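# Observations on chain architecture
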Amino acid sequence: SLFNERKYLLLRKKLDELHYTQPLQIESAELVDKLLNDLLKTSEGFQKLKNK
Amino acid sequence: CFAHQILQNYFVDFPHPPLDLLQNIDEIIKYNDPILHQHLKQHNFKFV
Amino acid sequence: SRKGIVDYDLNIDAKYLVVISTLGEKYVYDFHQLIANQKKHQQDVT
Amino acid sequence: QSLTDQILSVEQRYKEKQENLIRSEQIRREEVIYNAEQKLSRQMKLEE
Amino acid sequence: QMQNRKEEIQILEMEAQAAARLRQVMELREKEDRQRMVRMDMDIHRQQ
Amino acid sequence: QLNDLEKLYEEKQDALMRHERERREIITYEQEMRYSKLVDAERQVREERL
Amino acid sequence: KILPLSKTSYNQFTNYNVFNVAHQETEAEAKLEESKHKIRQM
Amino acid sequence: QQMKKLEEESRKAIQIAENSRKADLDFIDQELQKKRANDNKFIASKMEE
Amino acid sequence: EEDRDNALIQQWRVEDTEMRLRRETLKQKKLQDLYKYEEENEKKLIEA
């Protein structure tokens, strides 16, 4: 599971980078990851739609 | 000379071996009596 | 949940259920104890 | 002609699983060897 | 069956478009994994 | 008819893993290389002893 | 069809992944200096 | 009209991905350059005197 | 001639397939170069 722990790092770090709080554990890290993974693409898809 | 005529595709990847040939060989044998592949596939044996 | 389940089976003595992870790990556990544990804890989560 | 190309996809797709096997072999042996080299570090305990 | 051909043809041609792109898609998905491996190998050079 | 529906999830998902991996490498390395350079910061106690 | 015959040149094996090649360790010093450490101790 | 827009979709299917992913590597390049710079500056400075 | 017209379904239907496949194999050539172009660009960034 080392390949997973090292993503939890990155996830928590990206959340702080983007100013999200996070008093929580690794379980659900993938939930949180998926939420950012799309947020950082849908927020864009939506702005791109607006622009067009 | 040998490397050029024979070993021309023995690197391909790296550190990884020439997977392309590990496959080419497996395509031979499949052709040349496929029963081995029925067994190799059945028990998860692979090219390489 | 990072190590999910590939398959499972129950001992006839239903108190123990064994589920096997996708990595081939057999999680052997008291099944009754586990239902009571997670049901009661998850009961107040909302 | 589509089948020829379908075949190329199968060939070229399946290769990935053997690349995975290759890295499995490649890492795992080097990982052991350079675990053996941790005794160079035990032989650094030497210096302690 | 001209109506059933009309429907079948659009079903098929649309898929053909998917195949038409997937051929390139596989190459770059392959690239990503092969390159991901390459990175790891240069990391080994750094470990040396 | 819908064979262009999937593909997008995989393009998305593969890019995500591509990025998670590159990020995984830099955070791990930035984190530990940082502790490594810190050890060097600790090595330059020794000028103090020098 | 390879038959790498040139009286003026020799061919590069142009399937060599330049990117993860040309870098084994040798470092005789890695261990002989422990001998030297003991010598210094001597 | 689809077949042409679909061919144009290679750009709408985003050759730009090459650019976005490249940018991600332009970034990883500089970030990795900073951590290696650290290793080198530090091993380099903690010496010699 | 109605029967000729029915034949014309299949005759033009396959030419549609023919021109489409001419492009499909031409993809295969172009996409192998697509792969290397991207792989090569990465390999050098890593090298520098």
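The rules we used
Residues numbered from 1 in each chain as written, not as in the entry; some residues may be left out. Chains lettered and ligands numbered in written order. Part of a larger assembly, values for the part shown. Heavy atoms only, no water. Residues with missing side-chain atoms left out of burial classes, pairs and counts. Contact = heavy atoms within 4.5 Å. Pairing = 2+ DSSP bridges. Helix = DSSP H or I, 4+ residues; strand = E, 2+ residues; numbered from the N terminus. Axes fitted to C-alpha atoms, helices over the stretch in contact; angles between N-to-C directions.

Structure determination for this PDB entry is given in the record as cryo-EM, at a resolution of 3.8 Å.

The name given to chain H in the PDB entry is Rab-GAP TBC domain-containing protein, with the source organism recorded as Tetrahymena thermophila.

As annotated in the PDB entry, chain D is TBC1 domain family member 31 from Tetrahymena thermophila.

Moving on: the arrangement of the chains. The top pair by number of contacts, from a total of seven pairs of chains in contact, is chains F and H. Taking C-alpha atoms only, the smallest gap left between chain A and chain H, which are not in contact, amounts to 12 Å. At no point do chain B and chain I touch; the closest pair of C-alpha atoms across them sits 12 Å apart.

Residues and elements named next belong to chain C. In terms of strand pairing, strand 1 (residues 5-10) meets strand 2 (residues 16-21) through five bridges, oriented antiparallel. Each residue of the ladder has a partner; that of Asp-7, found in strand 2, is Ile-20. In the sheet, strand 2 pairs with strand 3 (residues 26-30) via five bridges, with the strands oriented antiparallel. Looking across to strand 3, one finds that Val-18 is bridged to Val-28. Hairpin connection between strand 2 and strand 3: a loop of four residues separates the two successive antiparallel strands, and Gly-24 in this loop has a positive phi of roughly 85 degrees.

It is worth spelling out the sheet that holds strand 2 of chain C at this point. All names here are of chain C. Spatially, three strands are ordered 1-2-3 in an open sheet, and the strand pairing comes out antiparallel. Looking at the sheet topology across the chains shown, the edges are occupied by strand 1 and strand 3. Taking the axes of each pair of neighbouring strands and ignoring which way they run, one obtains an average angle of 20 degrees across the sheet. On the sheet, helix 1 (residues 31-43) packs against strand 2 and strand 3 and is oriented at approximately 80 degrees with respect to strand 3.

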